[PDB]
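Two versions of one and the same chain are coming, encoded as C-alpha cells; call them structure 1 and structure 2.
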Structure 1
C-alpha cells in the first residue's frame, strides 16, 4: 500500500514545514511518489521548483494536467527514487534510472562535500521496506555513490514509530541499540520536523483506491504516529582514518560488536585484531570491563580510528573480502 496526502490542511502544513526557511527558500525540491498531486499543487501555491518522481505511469498524465501551464517550475520524470543505480548491471529499464542521467536531465552540477547543501529530497519511506531502504541509503552515503555522490543532499521522509525508536537508541540501552542506529547517528543529524496520525494519510493499494469498512478496520490495526524525519549528512563524517575505502572494515567491526550483546569490548577486539587490546582501551580512555552496549557511537568511531592509526604493526585487521559472500 502507498500513502498519499488527502486533505488541503495537511497539504499546507507539510508544505510550510518543507519550505519553512524564509532566507534562501530556493531549492530544487525533489518530491517522490506525488500521487494525485495535492502536495505538489500546494507546494506550487507556496512557490517552489518541483521535480516529481512518480513510479506508476497512470498518474503521470494527470500531473501533466496540473503543471501544463507552468513553464519550467514543475517537471514530471518517470522514475523511482529507491531504484536508482541498480547494481545488477545491464540495460537500465525505464522504471529504474541512473543517477548521472537524472542529474544531467536536471542540470545539477557536482558540489564538493564541504560545501553547502545542493538539493532537498522529500517524501515517505516504503510502507514495509524501512530496513532495506535505510541500509541501501547507508551504503550509498558511506561510499559517496549515487545521490550522495553529488553532495550532502538533505532527505526528509515520513517513517514509522518502531523504526524511528530503533533509529534513535542511545547508550542508555533501551535494548534497541544496534548497528543501524550507530551508523545513522554517526552520519546524520536526525530531527523530528513534524508528526502526523497515520489515519490522516490516504491509503491506495496496488489493486486500487482503498475503500470499504476494511479501510476503517485497517485504521485501528496499524494506527501509529508517523514522524517526518529530517536527515542532513554530517560535514565531518570522513576523516583521515575513516575514508570511503575503509568503510567496510568499520561496518564489519560494528556488526561483530553486536553479535554478542552481553560481551565486553575486549573480547571482540581480541577476536578482530592482533593488536594489544589493553593498550588500545587505555588509549581510548575507557575501562577494561566496558560493555559494548555502554559505548557511544563516537566511541566506536574513535576506537576504529585508534586501531587504524597503529603504525607499529603491519597487519591490523583480520577482516578480508573473503569473509563476505559466504
Structure 2
C-alpha cells in the first residue's frame, strides 16, 4: 500500500535534510512516487531540481500543473524505480522503462566508479516487499548493472523498523544476523538521518485516501517506526579478486555459511572448497574453532579473497552453474 506524505512541516524537514549536502546542494533529485506532490513542492521551493517517477498515471496531469512556468525545473516521467530494466526480455511496457533510455533522455552521463557521486534518489521502499527490493538492488550493485552503471548513485529511502533491525544486525546480536546484512554492510555505508512514526504518513490505496475511522483506530494499534536511511556505495567495494564476474561464488558462500548457523567455519569450508581449511583459517587470522555467527562481514570478504587468491590449486571452488535452478 502506497504511503505518500502529506504533512507540510514534515515536508519542510525532509526538504532540509535532503538539500543539506554541502557541495552543490541542488543535485538532480529523482523522486519515487511523489503522488500529491507536497514533498516535490517543498523541494522545488528550496531551489532543487526534481524529476518525478510515477507508477500511477492519474498523478501525472496534476503534477504538471504544479510545474507550469517553473523554468524546466520539473520534468514528469512515467516510470517505476523498482521496475527498471526488466530481465524477461520482451517489449518494455510503459510502466517499466530502461535505465539507458531514461538516463539518455535526462542527459545524465556515465561516471567512473572512483569518481564522486553523480546523482541522488529519494522516495520510499515498497510497503510489503522490502526484502525483494533490497535483493534486486544488491544484484544490480554487485554486477554493476541497471542504474549503478552510471557511477555511485545515492539512495535515501524510508524503511521499516523490523527490516532496519534485520539489516543492521551484527555478531553481537546473532539472532538477527544473516546474509543480507552482511552483503549490504560490505557494499555500502548505511546511516540514519530521521525517524518518524507511521501516524505522520497517510496511506493512499486504489480506492483513495483512507477515510475509515475504525481502521484508523485499528491503524493506531499498527504503529511502527519508519527510519530514513542513506546508502552510499563504497569506493573500495571492488578489488582484483572480488570482481563483477565472481560475485556469484561469494553469494553462494554466504548463503551456505548461514544454512547451518551453529557450525564452525571449518565444517562449511570442507564442503565448499577442496583446499586445506586449516591453512586458510590460519591465513585469515582466526582460531581453529570459530562459529559463523561470530564472523564480521570484512572477515567474510577476507576469507573469499584468500580462497580466490590461491594459485597452487587448479580447482579452487566447487560451486558451478549447475547448482543454479536445481
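The term rigid core refers to the most C-alpha atoms you can superpose between the two forms while keeping them within 1.5 Å. Numbering follows the first chain given and starts at 1.
Margin query: Using a rigid core fit, what is the CA shift at residue 130 between structures 1 and 2, in angstrom?
Written below: So the C-alpha of this residue moves 0.3 Å.
Check: Quick one: CA shift at residue 202 between structures 1 and 2, core fit, Å?
Finding: After core superposition, the C-alpha of residue 202 moves 1.2 Å between structures 1 and 2.
Notebook entry, point to check: Hey, core superposed, how many Å does residue 218 shift at the CA between structures 1 and 2?
Noted result: On core superposition, this C-alpha lies 3.8 Å from its counterpart.
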